[PDB]
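Visitor: Sequence plus experimental coordinates follow:
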Amino acid sequence: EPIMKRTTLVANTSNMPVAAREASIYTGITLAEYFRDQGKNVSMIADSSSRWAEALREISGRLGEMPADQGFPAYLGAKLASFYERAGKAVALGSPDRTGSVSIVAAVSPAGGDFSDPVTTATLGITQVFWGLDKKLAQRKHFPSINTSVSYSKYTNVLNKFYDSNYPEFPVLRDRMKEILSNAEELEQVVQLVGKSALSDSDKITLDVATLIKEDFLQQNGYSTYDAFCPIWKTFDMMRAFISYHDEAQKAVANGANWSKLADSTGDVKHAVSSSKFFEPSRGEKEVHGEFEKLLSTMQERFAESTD
Amino acid sequence: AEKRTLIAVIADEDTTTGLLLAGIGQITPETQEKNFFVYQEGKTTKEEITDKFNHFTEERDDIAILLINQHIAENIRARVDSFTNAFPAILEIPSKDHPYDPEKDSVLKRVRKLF
Amino acid sequence: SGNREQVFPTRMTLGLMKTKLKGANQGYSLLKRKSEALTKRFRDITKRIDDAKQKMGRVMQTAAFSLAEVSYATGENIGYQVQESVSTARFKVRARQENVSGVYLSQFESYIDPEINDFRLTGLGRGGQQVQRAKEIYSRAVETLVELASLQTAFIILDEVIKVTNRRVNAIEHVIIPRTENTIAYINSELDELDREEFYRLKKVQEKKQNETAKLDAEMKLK
Amino acid sequence: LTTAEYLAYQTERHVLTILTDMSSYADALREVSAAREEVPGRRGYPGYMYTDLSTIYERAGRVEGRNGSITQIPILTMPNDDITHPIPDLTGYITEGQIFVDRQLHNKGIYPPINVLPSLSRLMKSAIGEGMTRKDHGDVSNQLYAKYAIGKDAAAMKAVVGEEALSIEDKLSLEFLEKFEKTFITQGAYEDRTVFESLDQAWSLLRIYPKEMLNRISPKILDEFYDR
């Protein structure tokens, strides 16, 4: 079935009047609220709340109001708050009892490529989830190019209840990956001045595992059939596989094994972990999970063999 | 580079004999050469000594160290630059017929000057 | 005034240059204490060279005495009989690489040949003892040569590291800091000042307009 | 703060005041200022909020005639993570010290991600003593700070000179930093540690070091606590 039966669009080009630009967000969120009141989980996608903020700035300019910062109106944060907090899960008014929600998924166009612009600064004080941009990943064409260091989600704690029911180790593996990425990020910023000569074998494993993560788990094509939509079970299994790679590599190197020899002898399981992303999600959760379990068992066997 | 035994081109005849007794020389059937030059101190020309030192230190590709035991000025002058790229061509100043005083040792002089 | 990056003064560039300055400062300190470790090892190796010079001289003269004693045992000098045994080498410097203070120093390791030792198989029985003394002397001299090679490599590495640290202290940081100072203190302050002047002129126009309106209203109330 | 003043200075309670999101209050203050056609000051924030933040903050402290007291813990989000921003700068002017929450610690999974190297309590020395917690509080805190800084420096050199090229204090410092950050700083969101439990956990962390270079602990306290 077409998505259009689920979707209504609020088209507002840039050449339309500024007041229509300002009212676009409000009419869209009111439609989202109306469909939330029917007990339907409805998602609102705002193309650029930065353009909405610029519309507010232009209107305040025509009104001769005193701006706050970089020309933006003083009530910019108040307006973004009054828009964003129209989102949460709710018990719809009236009877019968029902529950709906409005997931506000609002994009922001940065100014000068930094978070110094007032729109993002006001947004960060409201949004629980902020998927920041990384021009180092964007310029190197590593999509979806989300800045892991500065992006955050305050819904990690709330989602522990969902994870415990479905994927018990998901928060643990997510924290493990974040720790690995941060440690390797500081290791890279040291290396770029010093070099990779003096690092311990464990540091080399951290760097290689984080590079593998960035290239084969975080990076997503989006235009490929195998990876257009990575289901949550596939994502969880991939986190399991990557964390298992890191854990077995660290355990083996702790037992004296040279990292170069281990890497050359386990390039096969490294390629298996890398190509785990190529599994078609359409094959079903059962088949994909079974094949991920096969991959994990193969990795454990291979590392047990090569550690001796 | 490949391992090699120390050459005694700029060492004394007695030092060369001692190195040969220890086994610090290997033959080169490709050109009928040897890993250690003849220590003809007082008989070979200074230019010949410099040429042999250059061949051992530049022409040779093995990792042979060198002996400059009480070397004549033909090697003392060259030692000011021959120390660069100490691999595969290492340098040293063993004892010889003349006493191995550290005054003429280029490596010791550089070490002291760096202090 | 001073070295400058000649960069586009904006808040994004200000933050970029602050991060660059912090990174360069921490890199300067990082390489400074790396160079401290390297120069500590360098002084150690210089001491080893200094004393090992006389140690190796003593060992060389011991080996020469032992060889000449073997010659006394075997009548005439070992001479050409010894010289003709240059077919194979009983001692060699095996290749090695020891990461001394984070630098891959190429310290050669002495390794006598375990396959053949026939170069001393001639004449009198003291040839074996002379060969053993000369082999010990060769091992000592090979240790001295490995220490000298380590000293040379460490000198090169320490010179490069100290040059980089001095460059960071004197040019890189001392130009990034004036660039950041320019950016913020000059240009961001001037932009804020121009915004202040424009908004104050706006307020003056608005207040004079509203004051004229209030005066007109008071006048028509009076009339 | 009016409620805290009432309680502490009339009911004679000890009142702790947590003012979370001081930056949001500053944004609201800027909005109110620009509503009165005032021209914005530095970074769009009006130039007079040092006075208003001072009025908020100074409504604290203990007083002569009342047994009550007010302790304030403002919580402000640094925009773009800088101290030079007007809000953290003015708060540093008016308040004694600051606690730092570090993004780097947060990404590593450490909770609370409190970075203790920059965080400082200016008048901490008045809260610690013999009749005030335990006699070893000050020097244990000092030793923890020193060994943590040494551990961070040694972690910097771990990737530059190598693990084996470090000094014995640095080898101890890497593992001290590990145990510190992921056992002592890392405290559960519902784990309530009394000051004495935290102090003896700090001692258990400090028991790995030798006598000679626990030099920032007084030898009396060190010889009474470290050796058993």
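Guide: Sure thing, it's come through. Residues are numbered from 1 along each chain as shown, chains lettered A, B, ... in the order given.

Visitor: how about the nearest residue to the most far-flung residue of chain D relative to its centre, chain neighbours excluded?
Guide: Here chain D reaches farthest from its C-alpha mean at residue D:37, the gap being 38.6 Å by C-alpha atoms, centre = their mean. Leaving aside its chain neighbours, residue D:37 sits nearest to residue A:66 (5.2 Å; criterion: C-beta to C-beta, 6 or more residues apart in numbering or on different chains). For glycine as for every other residue, the C-beta is placed from the backbone atoms N, C-alpha and C.

Visitor: burial measure for the one you found, as a count.
Guide: Counted by other C-beta atoms under 10 Å in any protein chain shown, the residues lying close to residue A:66 total 19.

Visitor: Please name the residues that touch residue 108.
Guide: Picking chain A for this. When contacts are counted by C-beta atoms under 8 Å, 6 or more residues apart in numbering or on different chains, residue A:108 is found next to A:48, A:49, A:50, A:119, A:120, A:123.

Visitor: ah, no, chain D please
Guide: Contacts of residue D:108 were listed using C-beta under 8 Å, 6+ apart, and they are A:178, A:179, A:182, A:183, D:181.

Visitor: re earlier: is the residue nearest to residue D:37 in contact with residue D:44, as I believe?
Guide: No - in this structure, residue A:66 is not within contact of residue D:44 by C-beta atoms under 8 Å, at 10.3 Å.

Visitor: ok and the residue in the stretch 1-150 of chain A nearest chain B?
Guide: Among the residues of the stretch 1-150 of chain A, residue A:140 lies nearest to chain B; the distance is 37.8 Å by C-beta to the nearest C-beta.

Visitor: dump the residue contacts of residue B:33.
Guide: residue B:27.

Visitor: Contact residues of chain C facing chain D?
Guide: Where chain C comes near chain D, counting by C-beta under 8 Å from any C-beta of the partner chain, the residues are C:15, C:26, C:30-31, C:33-34, C:37, C:99-102, C:192, C:196, C:199-200, C:203, C:206.

Visitor: just checking: which of the residues you listed also lie near chain A?
Guide: Intersecting these with the surroundings of chain A, defined as C-beta under 8 Å from any C-beta, gives C:15, C:30, C:31, C:34, C:99, C:102, C:199, C:203, C:206.

Visitor: Could you look up the SS state of residue A:60?
Guide: Of the three states, residue A:60 takes helix under DSSP: H, G, I helix; E, B strand; the rest coil.

Visitor: out of the ones next to chain A among the residues of chain C next to chain D, who's nearest residue C:188?
Guide: Proximity of these to residue C:188, judged by C-beta to C-beta, is greatest for residue C:15, which lies at 11.3 Å.

Visitor: Excluding chain neighbours, give the residue nearest to the closest one in space.
Guide: Among residues not flanking residue C:15 along the chain, residue A:114 sits closest, at 5.9 Å (C-beta to C-beta, 6+ apart).

Visitor: measure the one you found to residue C:191 for me?
Guide: As defined by C-beta to C-beta, to the nearest Å, residue A:114 lies at a distance of 16 Å from residue C:191.

Visitor: Those two - which one has more neighbours?
Guide: Just comparing residue A:114 and residue C:191: by other C-beta under 10 Å the higher neighbour count belongs to residue A:114, 17 against 14.

Visitor: about what we covered before: buried only: go through the ones next to chain A among the residues of chain C next to chain D for me.
Guide: Buried subset of those (neighbour count, 16 or more other C-beta atoms under 10 Å in any protein chain shown): C:15, C:30, C:31, C:34, C:102, C:199.

Visitor: check contacts around the last one.
Guide: Residue C:199 makes contact with A:66, A:67, D:39, D:40 under the criterion C-beta under 8 Å, 6+ apart.

Visitor: Could you save these as JSON lines and add columns showing distance to residue B:65 and secondary structure?
Guide: Converted to JSON lines, the contacts of residue C:199 look like this (distance: C-beta to C-beta, whole Å; DSSP: H, G, I helix; E, B strand; the rest coil):
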{"residue": "A:66", "distance to residue B:65": "81", "secondary structure": "coil"}
{"residue": "A:67", "distance to residue B:65": "77", "secondary structure": "strand"}
{"residue": "D:39", "distance to residue B:65": "79", "secondary structure": "coil"}
{"residue": "D:40", "distance to residue B:65": "75", "secondary structure": "coil"}
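
Visitor: tell me the two of these that are most distant?
Guide: Checked with C-beta to C-beta, the contacts of residue C:199 reach their widest spread between A:67 and D:39, with 9.4 Å between them.

Visitor: Compare those two and say which is more crowded by neighbours.
Guide: The residue with more neighbours, out of residue A:67 and residue D:39, is residue A:67; 21 against 18, by other C-beta under 10 Å.

Visitor: Relative to residue A:120, how far out is that one?
Guide: Applying C-beta to C-beta, the value for residue A:67 to residue A:120 is 17 Å.

Visitor: repeat for residue D:124
Guide: In this view, residue D:124 and residue A:120 are 36 Å apart by C-beta to C-beta.

Visitor: Between those two, tell me which one has more neighbours.
Guide: More neighbours sit around residue A:120 than around the other of residue D:124 and residue A:120, counting by other C-beta under 10 Å; the figures are 23 against 13.

Visitor: That one reaches residue A:110, doesn't it?
Guide: Yes - taking contacts as C-beta under 8 Å, residue A:120 lies within contact range of residue A:110: 6.5 Å.

Visitor: Overlap in contacts, the two.
Guide: For the pair residue A:120 and residue A:110, residues contacting each of them under the criterion C-beta under 8 Å, 6+ apart are residue A:50.

Visitor: Ramachandran coordinates for the residue in the stretch 101-250 of chain A that chain B sits nearest to?
Guide: Closest contact between the stretch 101-250 of chain A and chain B, by C-beta to the nearest C-beta, is at residue A:197 (17.0 Å). Phi and psi for residue A:197, reported as degrees, to the nearest 10, are phi -70, psi -50.

Visitor: neighbours around it, how many?
Guide: By the measure other C-beta under 10 Å, the count of residues near residue A:197 is 13.

Visitor: what phi and what psi does the backbone show at the residue nearest to residue D:37?
Guide: Backbone geometry at residue A:66, expressed as degrees, to the nearest 10, gives phi -70, psi 120.

Visitor: Pull the contacting residues for it.
Guide: In this structure, residue A:66 makes contact with A:74, C:199, C:203, D:34, D:37, D:38, D:39, D:40, judged by C-beta under 8 Å, 6+ apart.
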